[PDB]
Amino acid sequence: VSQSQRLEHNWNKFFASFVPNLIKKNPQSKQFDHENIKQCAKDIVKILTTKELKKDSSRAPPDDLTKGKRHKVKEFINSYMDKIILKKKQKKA
């Protein structure tokens, strides 16, 4: 069956609602290199659902960014971005 795999598609829709417009031109993107941004956007969409669906495999994607979830995705994405910047800066230290 693997209903959760289909849920990723729906989950993607939810994350795609805010993830792109948050990064595309924010304090993040002005520091975010191009490949960083493309990777962050697509991977935060999948990885967040994959991981939280790994928490709860029947976790249906919430409609939109509720205050609680919004706070969490912002903290997640912040550390995510830090992860890419720190790695690339390490090459140009």
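- The record lists solution NMR as the method behind this PDB entry.

- Under the PDB entry, the name given to the protein chain is SET DOMAIN PROTEIN 2, and the source organism is Saccharomyces cerevisiae.
- Looking at the header, the entry is titled "Structure and CTD binding of the Set2 SRI domain".

## A few points about the overall build of the protein chain
Logical step 1: In terms of regular secondary structure, the protein chain is built from 3 helices and 0 strands.
Logical step 2: When the helices and strands of the protein chain are read in sequence order from the N terminus, they spell out α-α-α.
Logical step 3: With the C-alpha coordinates aligned to their principal axes, the bounding extent of the protein chain is approximately 45 × 25 × 20 Å.
Logical step 4: For the protein chain, the proportion of its 93 residues judged to be buried stands at 30%.
Logical step 5: Contacts spanning at least 24 positions in sequence make up 82% of the contacts within the protein chain whose residues lie at least 6 apart.
Logical step 6: Carbon and sulfur atoms make up 53% of the accessible area of the protein chain, which totals about 6,800 Å².
Logical step 7: Distance between charge centres in the protein chain, computed from 23 positive and 10 negative side chains, equals 4 Å.

## A look at the side chain of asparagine 36
Logical step 1: Considering the arrangement of structural elements, one finds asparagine 36 in helix α2 (residues 34-55).
Logical step 2: Classification of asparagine 36 by relative accessible area gives buried; the value is 3%.
Logical step 3: A polar side-chain atom of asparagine 36 sits 2.8 Å from a polar atom in the side chain of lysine 88.

## Regarding the packing of α2 against helix α3 (residues 67-89)
Logical step 1: For the pair α2 and α3, the least separation of the axes is 10 Å and the interaxial angle reads 130 degrees. Regarding the angle of α2 to α3, the classification is oblique. When you trace α2 past α3, the crossing you get is right-handed. Residue-level inspection shows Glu35, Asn36, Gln39, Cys40, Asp43, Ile44, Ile47, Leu48 and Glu52 of α2 in contact with α3, the latter providing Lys69, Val73, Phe76, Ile77, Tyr80, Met81, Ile84, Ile85 and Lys88.

## A short note on the pattern of salt bridges
Logical step 1: On inspection of all chains with the given rule, the structure shows 7 salt bridges.
Logical step 2: Close ionic contact of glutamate 52 with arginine 59 constitutes a salt bridge, the shortest N to O distance being 3.3 Å.

Parameters and conventions
The numbering scheme counts residues from 1 along every chain following its written sequence, independent of the entry's numbering, with residues that lack coordinates not shown. Note: side-chain values were computed over all heavy atoms of the structure, leaving out hydrogens and water. A run of H or I in DSSP counts as a helix once it spans at least four residues, and a run of E counts as a strand once it spans at least two, with each numbered from the N terminus. Burial status follows relative accessibility: with a 1.4 Å probe on protein chains alone, a residue under 20% of its type maximum counts as buried, one over 50% as exposed, and anything between as partly exposed. Note on contacts: a residue pair qualifies if any of its non-hydrogen atoms lie within 4.5 Å across the two residues. Under the convention used here, a 1.4 Å probe and the Shrake-Rupley method define accessible areas, while residue burial counts only the protein chains that appear. When charges are counted, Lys and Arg contribute as positive and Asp and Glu as negative, whereas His and the chain ends are disregarded. To locate a charge, take NZ of a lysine, CZ of an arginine, CG of an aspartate or CD of a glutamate. Here a polar contact is taken to be a pair of N or O atoms separated by no more than 3.5 Å, where protein atoms must pair a possible hydrogen donor with a possible acceptor and residues adjacent in sequence count only if both atoms sit in side chains. Lines are fitted to the C-alpha atoms to define the axes, a helix being fitted only along its stretch in contact, and any angle between axes, read from their N-to-C directions, falls within 0 to 180 degrees. Note on angle classes: values under 35 degrees are labelled roughly parallel, values over 145 roughly antiparallel, values of 65 to 115 roughly perpendicular, and the remainder oblique. For a crossing to be left-handed, the near helix must be turned anticlockwise from the far one by less than a right angle; the clockwise case is right-handed. The rule for a salt bridge is simple: a side-chain nitrogen of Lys or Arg has to be within 4 Å of a carboxyl oxygen of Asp or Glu.

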